[PDB]
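Student: Below you'll find the structure I mean.
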Amino acid sequence: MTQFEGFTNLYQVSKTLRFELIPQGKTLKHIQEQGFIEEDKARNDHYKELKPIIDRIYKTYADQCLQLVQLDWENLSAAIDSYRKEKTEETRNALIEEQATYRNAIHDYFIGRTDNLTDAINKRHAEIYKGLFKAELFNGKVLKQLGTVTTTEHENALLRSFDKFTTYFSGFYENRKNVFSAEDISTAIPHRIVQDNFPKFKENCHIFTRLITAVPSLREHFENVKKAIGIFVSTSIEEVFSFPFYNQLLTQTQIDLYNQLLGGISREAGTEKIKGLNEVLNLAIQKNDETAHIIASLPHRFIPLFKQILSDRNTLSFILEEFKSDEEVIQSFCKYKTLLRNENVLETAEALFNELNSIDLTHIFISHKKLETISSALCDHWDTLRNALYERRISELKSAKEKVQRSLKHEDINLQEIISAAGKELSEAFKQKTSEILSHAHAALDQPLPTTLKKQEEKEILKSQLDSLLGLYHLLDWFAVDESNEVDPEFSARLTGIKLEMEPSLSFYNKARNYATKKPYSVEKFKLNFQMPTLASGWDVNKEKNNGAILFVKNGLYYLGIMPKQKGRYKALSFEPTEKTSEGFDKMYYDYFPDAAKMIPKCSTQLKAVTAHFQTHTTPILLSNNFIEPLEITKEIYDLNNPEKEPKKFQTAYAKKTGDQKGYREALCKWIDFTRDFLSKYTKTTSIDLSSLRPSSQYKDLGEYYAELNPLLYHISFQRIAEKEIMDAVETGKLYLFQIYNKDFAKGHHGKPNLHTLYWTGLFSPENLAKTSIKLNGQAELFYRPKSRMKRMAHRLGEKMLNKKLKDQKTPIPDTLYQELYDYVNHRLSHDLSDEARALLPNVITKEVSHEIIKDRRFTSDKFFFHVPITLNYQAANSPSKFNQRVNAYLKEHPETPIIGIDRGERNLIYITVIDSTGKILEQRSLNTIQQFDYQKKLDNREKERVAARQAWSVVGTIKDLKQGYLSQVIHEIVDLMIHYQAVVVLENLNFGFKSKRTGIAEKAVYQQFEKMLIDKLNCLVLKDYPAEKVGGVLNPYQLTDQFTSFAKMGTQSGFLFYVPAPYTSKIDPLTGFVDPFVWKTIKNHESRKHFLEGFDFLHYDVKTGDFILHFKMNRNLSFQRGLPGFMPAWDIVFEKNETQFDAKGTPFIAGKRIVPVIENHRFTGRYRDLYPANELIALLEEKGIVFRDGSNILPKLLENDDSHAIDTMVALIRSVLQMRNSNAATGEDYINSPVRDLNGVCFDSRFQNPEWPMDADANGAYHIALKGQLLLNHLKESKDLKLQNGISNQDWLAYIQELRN
RNA sequence: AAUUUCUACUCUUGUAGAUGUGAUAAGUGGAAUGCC
DNA sequence: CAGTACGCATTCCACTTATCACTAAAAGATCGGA
DNA sequence: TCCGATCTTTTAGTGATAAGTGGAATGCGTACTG
């Protein structure tokens, strides 16, 4: 019993706004005179340079701590494989209990608490650990206390440059405190050694011992490869793969050497490489004997261990030298090409090429390890010469025939044999290839060195000469080097000499690649402080003196006030509040007590005076300072807050562990009375009303009281300050005044503002001031982005200037036409305009230039910036309580809820389908365009441009610009329909590796980041045209999805967003629910093809309408079926005639026209093909003599012809009909056609173009996920648990859709 | 083609939508190169 | 003539997940001056 | 030798929180070997 608008004020969210600061008057001049920006720039560079040093200290303490680790690992392995075998809830509780046990066990080594270690060094560890997270990292207290890392005088001076400024590193201190924490944190060291590395090592032990008891001879090879690599020499190989050896491999170097033994070591380029541990398994697979088969029947991957958290890698492989300037690499190439030009390489290279003609090619052999690129370069395909040689040595001779292919991949072959095998044309192809390679080499020698690298053409020409040099280097490597065969010794010696003269060119190409691909020089923003250690960290009236940040409101314009530390002192600059009738600024008066749970013992119970008084005697203590009346602290509350143990007496964890409900209730009541007493007596909160809080005994949970009490301590008021004081303060430099500014506050602001402007206005609304639904937070930052230097081009006066759109706003203009039309309208045509330029010229609109628009204006000049965090929906708790249960209760009470569906892909990025509760579709359309220009046509061009420029050593760029520029308006469209229909959105749930890989091939990362933007909008949702007081406004925003924290915590349902299982969601008939149960992997041979033939029931041609009736039952072809059938016991396949009808609008189309790509070879090559199955079968039956006009059974006439051609052709036709996808990227004709006639009496073709059915394949997929949402809703309807089912089964979904369609 | 910032624009010295910042750590995917 | 899967390593680029802060007051260093 | 103002540097800590199975989910690259 609830409403849709009731899903608000359930949990609070926090957001950060951004603004530009503009100085007013002489504040900029005083900032320039004080030199705060250069000091802050040098300070930022010193912090960036100095961060590695504190990092070194932390690394050193880390590995010095974990060198003495001594503990068992059996119990965690027992918990892990018990959870693997059982997957039961109590096993999971035992697993997480032991995981926390081991995490705190290693954490005791950092603390110094563990009983196995001696007391002196763990006391030292305790002192050092107390020393890490305080300011003694700068005076060298813990540095010399450790006393193991050297620090030169430059390092000491850099460390001394941050005197009285160690609070700058407070974020660094927290970012290391979470590294050394032990609360399951993903960047914590115990979490890494317990969760991220130990299960991998445990399963590694398991696969090693299973492989060893499978093949006992492989331990010999493992020990020899360990001895050849010479690591872990004190240990035997099965002792490495055992649990007690995980007492090592916790520091960085041991994990790196283990991973090195996994992956092997390489020298520099052109030499050998010692095989790793998995390389010998891959070679055993390559051996292809029965041991290979018994190895492959087991698994054979040893997963390398993850790198430790704060450490740095150290490899034994060769690390190439990296250039650090353009001058060094360009001069080293200058001397390298000088060596080229004075050694006279071209004469001897040409002579070496002419020895191919002077001497017979039987004395010239080839390198068989890389003959494949030779076949690619000379012939059209890489396999042609290898096949031709194989058949050629067959012809001069089945085991004897296969001896030719057995022998050909381990010996060098003369070029004359290749010429005899594949023809004479390879001789002239070889000589023209040498001619063109020497042509590129001569062009490289003719092309002079450049002067710089900034222009792209210089990188292009250096790249081109580098490809010439490397191509010559490989051309030397076609021929074999050794003289074991019958090559000419002079030929081999000459090629060897000329190839070790060209050996450093490959390494040169590698280093030029390493330097030229790096990012260009750019300048970004940095934090500003004005020599203030705690600038803008809080706006409170007590703390604004040393924080130094206050705001003003001046007739709708918001200002920032930064009063600096004048002359090294905090001048008490105060303003008297004048009356509101007097003109001037409105200074904000923040009044905040941060957290009730946090500082109610920090100001009353955990002071040093009270704890010093309390450890001697039990007499209560009276506290007078910062208390209007004295407050009494007794022993019966001090023992509660300090119970010398993890569970406090008033905490719910004590009642969970013990169960003493009465004692827990009494302790909670006493603590609650004490808290109320503190808020009564304390000087900050004595003037705050507490009458709205419930009595003591009513409460059931302490955190509930803290969540209720926290909003009461926050308050804003406002007072009026005369502007004479502000103007005089800015004039004398006592106050720096910056205006909070975006272009919504500009002069010509007409329409709707930005959204952040709307929260910024709604923060300071009087309705929000009376009751704070959203709240302003602290730690504001000031940034200074300097003057980024670009050349300026802009539309000047007296010019005519072109609009991007046409007269009709629907049709844009392509950029290639746009630049030519722009050159025309400015009368600067560098080329003659084309024919479509004539066609589209009189249909375009132009404008005269006005207001001097400049491109990249915001980056033209140096600008201040200001980032401010705010907290929304503040009256609710910090975390929701059974959000999904409330959503499912609402859906149980509202069975008439519509469902919308979103899909993701490449051809169609998104698609919209809206259904009702009964499956009738409301609305469906495309948003590949948003009625603006179709973003796909530019987005794929941007993708291919990045792909082309990444290999061309150009700038790389980003894809997120066009990505989120599509996705913002897309997100707007889905939220608009979502609120308009009050519907439930569904998105498909996919495996993480799937989305990662598909981001790998295609640069469309929307399978995860669409979900991210949809979640981070659907949790805090405001609408610009909604009134503020109504739900959906800025003070009561729409909370529809659960508060996401991580994908591990994220589940099958997050409020109104439903994830459905991925399989069988796209290629299903909506008319009756048809899919093909077979796979084509099982049918490989011919008797299996005959079995697939006989799996059908009967095959009959109805001569009345021309369709061919084929029928199947699932109790046949069980092996070919994947074990997942449809529910309907019968499936007639209407093999219809290719008869041509018209669509809804009347365009002609052929029914049953099933387009398939014609592959030229097996390797999925070739173009598309307009192929019609029914004419093919009637041609096949006429060719085979099979009578079809009889109308009787025809499958006996198919199976009486036992030739493989007939059964192969009808199985191919069955595959070409049973498919569901009919796409054509060349012409844009993609559609879906169903083979099974419905009970209405029609076969579904997507060219029906009727509104009640999907228009496309992705339309059909969105329709299916809408009905999986409907199926989950039905499962909710007959469930009383108010929870879900853990996904849904694929066969259960298919049974559901077969029941409901037919 | 003007933006806290991005995206698409120009009836409009601006328009429509979106926008949690900072720091730190780990992991992943591509390009080139050798190597097995 | 296709069928069935494919190991590693160094440089660069981009990206993606996960964690912390959402602070005023207590505590301590300190500096002039007495 | 000592004191109080002043500036910089820690600190304090609540309840809430898994849960589970299957192979497509969407476009398709070489290369040794089936």
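Letters for chains follow the order of the structure tokens (A, B, ...), residue numbers begin at 1 for each chain, and ligand numbers begin at 1 in the order shown.
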List as a list in words the protein and nucleic acid residues near range 1126-1129 of chain A, meaning an atom at most 7 Å away when only C-alpha atoms (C1' of nucleotides) are counted, but skip any in the same chain fewer than 4 places from it.
Tutor: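 Within the cut-off, the hits are residues 1113, 1294, 1295 and 1298 of chain A.
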Student: Within 7 Å of chain B, which residues of chain A show up when using only C-alpha atoms (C1' of nucleotides), listed as a short mmCIF file (atom, residue, chain, number, x, y, z; two decimals) with N, CA and C atoms, in the first residue's frame?
Tutor:
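Final output, saved to part-v9.cif:
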```
data_model
loop_
_atom_site.label_atom_id
_atom_site.label_comp_id
_atom_site.auth_asym_id
_atom_site.auth_seq_id
_atom_site.Cartn_x
_atom_site.Cartn_y
_atom_site.Cartn_z
N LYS A 15 27.54 14.79 -3.94
CA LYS A 15 27.96 15.20 -5.28
C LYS A 15 28.89 16.40 -5.16
N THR A 16 29.70 16.60 -6.20
CA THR A 16 30.67 17.68 -6.25
C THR A 16 30.38 18.58 -7.44
N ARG A 18 31.35 22.18 -9.75
CA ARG A 18 32.54 22.86 -10.24
C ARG A 18 32.16 24.23 -10.75
N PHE A 19 33.00 25.22 -10.48
CA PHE A 19 32.73 26.59 -10.91
C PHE A 19 34.04 27.28 -11.27
N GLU A 20 33.92 28.38 -12.00
CA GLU A 20 35.04 29.24 -12.33
C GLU A 20 35.02 30.45 -11.41
N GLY A 171 45.58 13.39 2.86
CA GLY A 171 45.05 12.43 1.92
C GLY A 171 46.02 11.30 1.63
N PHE A 172 47.31 11.62 1.57
CA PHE A 172 48.35 10.61 1.41
C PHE A 172 48.37 9.67 2.62
N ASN A 175 45.46 7.39 2.25
CA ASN A 175 45.73 6.50 1.13
C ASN A 175 46.84 5.50 1.40
N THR A 187 42.76 -2.54 -1.67
CA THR A 187 44.14 -2.10 -1.77
C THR A 187 44.93 -2.39 -0.50
N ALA A 269 67.00 -8.51 -28.15
CA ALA A 269 66.32 -9.01 -29.34
C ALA A 269 67.28 -9.72 -30.29
N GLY A 270 66.79 -10.79 -30.91
CA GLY A 270 67.56 -11.57 -31.86
C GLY A 270 68.27 -12.77 -31.28
N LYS A 273 65.60 -17.65 -25.86
CA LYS A 273 64.78 -17.37 -24.69
C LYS A 273 64.54 -18.67 -23.95
N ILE A 309 50.97 -4.78 -3.31
CA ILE A 309 50.23 -3.53 -3.43
C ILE A 309 51.16 -2.36 -3.68
N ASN A 510 62.80 0.04 -32.33
CA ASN A 510 62.13 -0.18 -31.05
C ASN A 510 62.21 1.05 -30.15
N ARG A 513 60.05 3.86 -31.57
CA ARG A 513 58.68 3.52 -31.22
C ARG A 513 58.38 3.85 -29.76
N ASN A 742 29.58 30.27 -13.48
CA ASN A 742 29.48 29.57 -14.75
C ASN A 742 28.63 30.44 -15.67
N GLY A 748 23.40 37.27 -20.79
CA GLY A 748 22.32 36.87 -21.68
C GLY A 748 21.74 35.50 -21.39
N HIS A 851 29.55 39.26 -32.50
CA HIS A 851 29.95 38.94 -31.12
C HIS A 851 31.31 38.25 -31.00
N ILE A 853 32.91 35.28 -31.77
CA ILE A 853 33.06 33.96 -31.15
C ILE A 853 34.48 33.43 -31.41
N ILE A 854 35.14 32.97 -30.35
CA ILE A 854 36.50 32.47 -30.42
C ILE A 854 36.48 30.99 -30.07
N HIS A 867 36.19 23.66 -6.73
CA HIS A 867 35.41 22.44 -6.65
C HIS A 867 34.81 22.35 -5.26
N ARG A 950 47.06 5.30 -34.21
CA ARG A 950 47.86 4.63 -33.19
C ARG A 950 49.06 3.91 -33.81
N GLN A 951 48.89 3.33 -35.00
CA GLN A 951 50.00 2.71 -35.70
C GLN A 951 50.84 3.72 -36.48
N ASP A 961 34.59 11.34 -25.36
CA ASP A 961 33.90 12.57 -25.72
C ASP A 961 32.61 12.29 -26.50
N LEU A 962 32.73 11.66 -27.67
CA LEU A 962 31.55 11.30 -28.45
C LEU A 962 30.69 10.27 -27.74
N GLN A 964 30.07 9.83 -24.31
CA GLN A 964 29.13 10.44 -23.38
C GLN A 964 28.32 11.56 -24.02
N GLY A 965 28.75 12.10 -25.17
CA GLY A 965 27.89 13.05 -25.85
C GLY A 965 26.68 12.44 -26.52
N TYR A 966 26.80 11.19 -26.97
CA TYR A 966 25.62 10.38 -27.28
C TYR A 966 24.88 9.98 -26.01
N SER A 968 24.62 11.04 -22.88
CA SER A 968 23.90 11.98 -22.03
C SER A 968 22.47 12.19 -22.52
N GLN A 969 22.31 12.48 -23.82
CA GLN A 969 20.98 12.64 -24.38
C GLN A 969 20.22 11.32 -24.40
N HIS A 972 18.93 10.88 -20.93
CA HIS A 972 17.78 11.76 -20.82
C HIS A 972 16.52 11.12 -21.40
N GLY A 1000 37.50 -4.97 -26.22
CA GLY A 1000 38.78 -5.23 -26.87
C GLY A 1000 38.75 -5.09 -28.38
#
```
Student: Any idea what the distance is between CA of residue 216 in chain A and CA of residue 243 in chain A?
Tutor: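 Taking CA of residue 216 in chain A and CA of residue 243 in chain A, their separation equals 20.5 Å.
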Student: Please report as JSON lines every residue of chain C lying within 6 Å of chain A, along with the nearest atom pair and their distance in Å (one decimal), using only C-alpha atoms (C1' of nucleotides).
Tutor:
```
{"residue": "C:11", "atom": "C1'", "partner": "A:514", "partner_atom": "CA", "distance": 4.8}
{"residue": "C:12", "atom": "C1'", "partner": "A:517", "partner_atom": "CA", "distance": 5.4}
{"residue": "C:18", "atom": "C1'", "partner": "A:186", "partner_atom": "CA", "distance": 6.0}
{"residue": "C:23", "atom": "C1'", "partner": "A:594", "partner_atom": "CA", "distance": 5.9}
```
Student: Would you export the selected residues with N, CA, C and O atoms (P, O5', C5', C4', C3', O3' and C1' of nucleotides) as a CSV table (one decimal), in the first residue's frame, please?
Tutor:
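Contents of selection_39.csv, freshly written:
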```csv
chain,number,residue,atom,x,y,z
C,11,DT,P,61.3,-2.0,-20.9
C,11,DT,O5',60.6,-1.1,-22.1
C,11,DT,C5',59.7,0.0,-21.7
C,11,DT,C4',59.2,0.6,-23.0
C,11,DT,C3',57.9,1.4,-22.8
C,11,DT,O3',58.2,2.7,-22.3
C,11,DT,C1',57.7,0.0,-24.7
C,12,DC,P,57.2,3.5,-21.4
C,12,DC,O5',56.0,3.9,-22.4
C,12,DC,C5',56.3,4.8,-23.5
C,12,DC,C4',55.2,4.8,-24.5
C,12,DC,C3',53.8,5.1,-24.0
C,12,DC,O3',53.6,6.5,-23.8
C,12,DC,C1',53.7,3.3,-25.5
C,18,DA,P,34.4,-3.2,-8.0
C,18,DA,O5',35.3,-2.6,-6.8
C,18,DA,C5',36.5,-3.2,-6.4
C,18,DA,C4',37.4,-2.3,-5.6
C,18,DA,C3',36.6,-1.5,-4.5
C,18,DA,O3',36.8,-2.0,-3.2
C,18,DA,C1',38.2,-0.1,-5.6
C,23,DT,P,31.6,17.8,6.2
C,23,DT,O5',32.9,18.6,6.6
C,23,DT,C5',33.8,18.0,7.5
C,23,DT,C4',33.8,18.7,8.9
C,23,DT,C3',34.6,19.9,9.0
C,23,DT,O3',34.2,20.6,10.1
C,23,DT,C1',35.6,18.1,10.2
```
Student: Give me the residues near residue 13 in chain D as a list in words, where near means some atom within 9 Å (using only C-alpha atoms (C1' of nucleotides)) and where sequence neighbours in that chain fewer than 6 positions away do not count.
Tutor: residues 597, 598, 599 and 601 of chain A
Student: Can you check which residues of chain A have any atom within 8 Å of chain D? Use only C-alpha atoms (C1' of nucleotides) and format it as an MDAnalysis selection string.
Tutor: chainID A and resid 134:135 164:167 533 597:599 601:602 651:652 702:703 706 879:881 905:906 988 990 1062:1065 1164 1286:1287 1289:1290
Student: Go ahead and dump the residues you just picked, N, CA, C and O atoms, as a tab-separated table (two decimals), in the first residue's frame.
Tutor:
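Writing the result to again.tsv gives the following:
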```tsv
chain	number	residue	atom	x	y	z
A	134	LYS	N	51.80	9.45	11.51
A	134	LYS	CA	51.91	10.78	12.09
A	134	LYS	C	53.00	11.54	11.34
A	134	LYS	O	53.61	11.03	10.40
A	135	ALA	N	53.24	12.78	11.76
A	135	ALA	CA	54.09	13.70	11.01
A	135	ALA	C	55.59	13.46	11.21
A	135	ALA	O	56.38	14.32	10.82
A	164	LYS	N	55.99	22.79	8.78
A	164	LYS	CA	54.68	23.28	9.24
A	164	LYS	C	53.61	23.14	8.16
A	164	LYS	O	52.68	23.94	8.09
A	165	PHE	N	53.73	22.11	7.32
A	165	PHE	CA	52.83	21.90	6.20
A	165	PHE	C	52.54	20.42	5.98
A	165	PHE	O	52.26	20.00	4.85
A	166	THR	N	52.62	19.62	7.03
A	166	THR	CA	52.41	18.18	6.90
A	166	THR	C	50.94	17.80	6.77
A	166	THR	O	50.65	16.65	6.43
A	167	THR	N	50.01	18.72	7.03
A	167	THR	CA	48.60	18.43	6.78
A	167	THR	C	48.24	18.44	5.30
A	167	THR	O	47.13	18.04	4.96
A	533	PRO	N	47.65	26.00	5.37
A	533	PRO	CA	47.71	24.53	5.47
A	533	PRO	C	46.35	23.85	5.39
A	533	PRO	O	46.28	22.72	4.91
A	597	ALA	N	28.08	10.29	16.38
A	597	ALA	CA	28.79	9.10	16.83
A	597	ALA	C	30.29	9.34	16.95
A	597	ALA	O	30.95	8.72	17.79
A	598	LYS	N	30.83	10.24	16.13
A	598	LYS	CA	32.28	10.40	16.05
A	598	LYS	C	32.83	11.24	17.20
A	598	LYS	O	33.78	10.83	17.86
A	599	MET	N	32.24	12.41	17.47
A	599	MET	CA	32.84	13.34	18.42
A	599	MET	C	32.07	13.49	19.72
A	599	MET	O	32.41	14.36	20.52
A	601	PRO	N	32.24	10.94	21.94
A	601	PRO	CA	33.27	10.56	22.91
A	601	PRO	C	34.58	11.32	22.74
A	601	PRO	O	35.40	11.33	23.65
A	602	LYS	N	34.78	11.96	21.58
A	602	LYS	CA	36.00	12.72	21.36
A	602	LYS	C	36.04	14.00	22.17
A	602	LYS	O	37.12	14.55	22.39
A	651	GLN	N	26.68	-1.80	21.65
A	651	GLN	CA	26.63	-2.10	20.22
A	651	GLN	C	25.76	-3.32	19.96
A	651	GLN	O	25.59	-4.19	20.82
A	652	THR	N	25.20	-3.38	18.75
A	652	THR	CA	24.39	-4.53	18.36
A	652	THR	C	25.22	-5.78	18.15
A	652	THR	O	24.67	-6.88	18.16
A	702	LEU	N	21.13	1.69	18.05
A	702	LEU	CA	21.87	2.92	18.34
A	702	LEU	C	22.15	3.73	17.08
A	702	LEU	O	22.03	4.96	17.09
A	703	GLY	N	22.53	3.05	15.99
A	703	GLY	CA	22.79	3.75	14.74
A	703	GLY	C	21.57	4.45	14.19
A	703	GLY	O	21.69	5.46	13.50
A	706	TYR	N	21.64	7.69	15.98
A	706	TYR	CA	22.67	8.56	15.40
A	706	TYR	C	22.22	9.15	14.07
A	706	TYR	O	22.46	10.33	13.79
A	879	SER	N	22.92	4.73	4.59
A	879	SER	CA	22.78	3.52	3.80
A	879	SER	C	21.32	3.08	3.81
A	879	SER	O	20.63	3.22	4.82
A	880	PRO	N	20.82	2.56	2.69
A	880	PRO	CA	19.43	2.10	2.65
A	880	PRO	C	19.26	0.78	3.40
A	880	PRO	O	20.22	0.04	3.65
A	881	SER	N	18.02	0.50	3.77
A	881	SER	CA	17.66	-0.70	4.52
A	881	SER	C	16.59	-1.45	3.74
A	881	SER	O	15.42	-1.04	3.75
A	905	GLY	N	24.86	-3.08	-28.37
A	905	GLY	CA	25.47	-3.76	-29.50
A	905	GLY	C	26.33	-2.83	-30.31
A	905	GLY	O	26.71	-1.74	-29.86
A	906	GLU	N	26.65	-3.28	-31.52
A	906	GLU	CA	27.47	-2.53	-32.47
A	906	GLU	C	26.64	-1.94	-33.61
A	906	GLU	O	26.77	-0.74	-33.90
A	988	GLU	N	20.36	-6.54	-19.93
A	988	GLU	CA	20.87	-7.91	-19.87
A	988	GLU	C	22.10	-8.00	-18.97
A	988	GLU	O	22.94	-7.09	-18.94
A	990	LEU	N	25.57	-9.79	-18.28
A	990	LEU	CA	26.57	-10.48	-19.08
A	990	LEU	C	27.80	-10.75	-18.22
A	990	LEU	O	28.03	-10.07	-17.21
A	1062	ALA	N	21.78	-13.59	-19.83
A	1062	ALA	CA	22.16	-13.35	-21.22
A	1062	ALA	C	21.67	-14.37	-22.25
A	1062	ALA	O	21.27	-13.94	-23.34
A	1063	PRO	N	21.76	-15.70	-22.04
A	1063	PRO	CA	21.50	-16.62	-23.16
A	1063	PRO	C	20.05	-16.63	-23.62
A	1063	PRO	O	19.12	-16.49	-22.83
A	1064	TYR	N	19.89	-16.81	-24.94
A	1064	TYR	CA	18.60	-16.93	-25.62
A	1064	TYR	C	17.72	-15.71	-25.38
A	1064	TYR	O	16.59	-15.80	-24.89
A	1065	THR	N	18.25	-14.54	-25.75
A	1065	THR	CA	17.54	-13.29	-25.56
A	1065	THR	C	17.32	-12.51	-26.84
A	1065	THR	O	16.62	-11.49	-26.80
A	1164	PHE	N	36.28	-17.23	-43.06
A	1164	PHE	CA	35.19	-16.22	-42.99
A	1164	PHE	C	35.46	-14.97	-43.82
A	1164	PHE	O	35.30	-13.83	-43.37
A	1286	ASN	N	17.41	-16.52	-7.74
A	1286	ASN	CA	18.79	-16.22	-8.12
A	1286	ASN	C	18.93	-16.40	-9.63
A	1286	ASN	O	19.38	-17.43	-10.13
A	1287	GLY	N	18.53	-15.37	-10.36
A	1287	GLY	CA	18.45	-15.45	-11.80
A	1287	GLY	C	17.26	-16.31	-12.22
A	1287	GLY	O	16.39	-16.66	-11.43
A	1289	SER	N	16.52	-19.73	-15.12
A	1289	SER	CA	17.13	-20.71	-16.01
A	1289	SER	C	16.75	-20.43	-17.45
A	1289	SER	O	15.69	-19.88	-17.75
A	1290	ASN	N	17.65	-20.80	-18.37
A	1290	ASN	CA	17.39	-20.62	-19.79
A	1290	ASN	C	16.24	-21.51	-20.26
A	1290	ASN	O	15.36	-21.06	-21.00
```
Student: Of the candidates A:192, A:113, A:1081, A:1221, which shows the shortest atom-to-atom distance to residue 4 in chain C, using only C-alpha atoms (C1' of nucleotides)?
Tutor: A:1081
Student: Would you please extract all alpha helix (DSSP H) residues from range 116-198 of chain A, as assigned by DSSP on the backbone, and give them as a VMD selection string?
Tutor: chain A and resid 119 to 132 141 to 146 153 to 160 170 to 177 189 to 191 198
Student: Any idea what the distance is between CA of residue 1153 in chain A and CA of residue 1242 in chain A?
Tutor: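 Distance between the two atoms: 15.5 Å.
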